[PDB]
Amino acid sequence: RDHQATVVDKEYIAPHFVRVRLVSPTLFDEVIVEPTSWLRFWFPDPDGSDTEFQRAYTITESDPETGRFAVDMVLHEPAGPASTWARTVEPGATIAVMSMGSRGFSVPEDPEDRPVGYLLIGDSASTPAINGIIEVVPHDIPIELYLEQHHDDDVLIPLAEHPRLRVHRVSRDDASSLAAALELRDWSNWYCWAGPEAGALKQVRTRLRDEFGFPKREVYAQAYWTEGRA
């Protein structure tokens, strides 16, 4: 079930990173926001037709009592309907939103059931999701963050703070760069959350399973976008 949402504000978090604030009073009814919770939007055709384009974006602000919420959107090159929308939308615009397909992230209750560390892999598009994860990881658990870099402005996108976060930025030469940048160490009992580009995710998953020995139950991997395709 979709809901209509009205844009109320727009803030430039980084030069190519736009936070769009909306309101949808019935959206969060029985829908609890978790780390990496996301929404489907039906974005308008920039060229003016009635065709709409469904894209996914992570929730970065939420107030269930008012239905106010926000999403952070990368202004990527080349552009698409959603990033064009982020660039040009003004408060007062409306858009249909839906919550369906989103599984949350959670740290186990028992400390002795928790991973001995989190391996987070993504880029600018999954930084909202990864930031939500970092904000809930206990302070005594280390975090190895790998961010595939596409522009110099990427370093300006704010990251969540954590006392045991170690950040690694990866220059993308091809789809093999992200998997090759991963440190070869002991990954025993670690948990991996990966939301990178589709072509890079393929070679990342292969490395996690075969070389790093990650079990399936300790990996969540979803392609957040695809190079050269919608």
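Note that residue numbering begins at 1 and tracks the sequence as displayed.
Trainee: If you average the CA temperature factors over each stretch, which comes out higher, 66 to 74 or 199 to 207?
Mentor: For C-alpha atoms only, the mean B-factor is higher in 199 to 207.
Trainee: Higher mean Cα B-factor in the deposited model: 31 to 39 or 159 to 167?
Mentor: It is 31 to 39.
Trainee: Highest CA temperature factor in the entry: which of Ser49, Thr58, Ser177, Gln54?
Mentor: Spelled out: the listed residue with the top C-alpha B-factor is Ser49.
Trainee: Check the PDB entry and point out which of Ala79, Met100, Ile95, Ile134 has the largest C-alpha temperature factor.
Mentor: The C-alpha B-factor peaks, among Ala79, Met100, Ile95, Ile134, at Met100.
Trainee: What third of its chain's C-alpha B-factors does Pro108 belong to: lowest, middle or highest?
Mentor: Its C-alpha B-factor belongs to the highest third of this chain's values.
Trainee: Tell me, lowest, middle or highest third: where does the Cα B factor of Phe214 rank within its chain?
Mentor: Its C-alpha B-factor belongs to the highest third of this chain's values.
Trainee: Taking the values exactly as deposited, rank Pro128 by C-alpha B-factor within its chain and report the matching third: lowest, middle or highest.
Mentor: As the PDB entry reports it, the C-alpha B-factor of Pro128 lands in the lowest third of its chain.
Trainee: Grab the CA temperature factor for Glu148 from the record and place it in the lowest, middle or highest third of its chain.
Mentor: According to the entry, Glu148 has a C-alpha B-factor in the chain's lowest third.
Trainee: Sort the modelled residues of this chain by their C-alpha B factor and say whether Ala230 lands in the lowest, middle or highest third.
Mentor: CA B-factor rank for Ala230: highest third.
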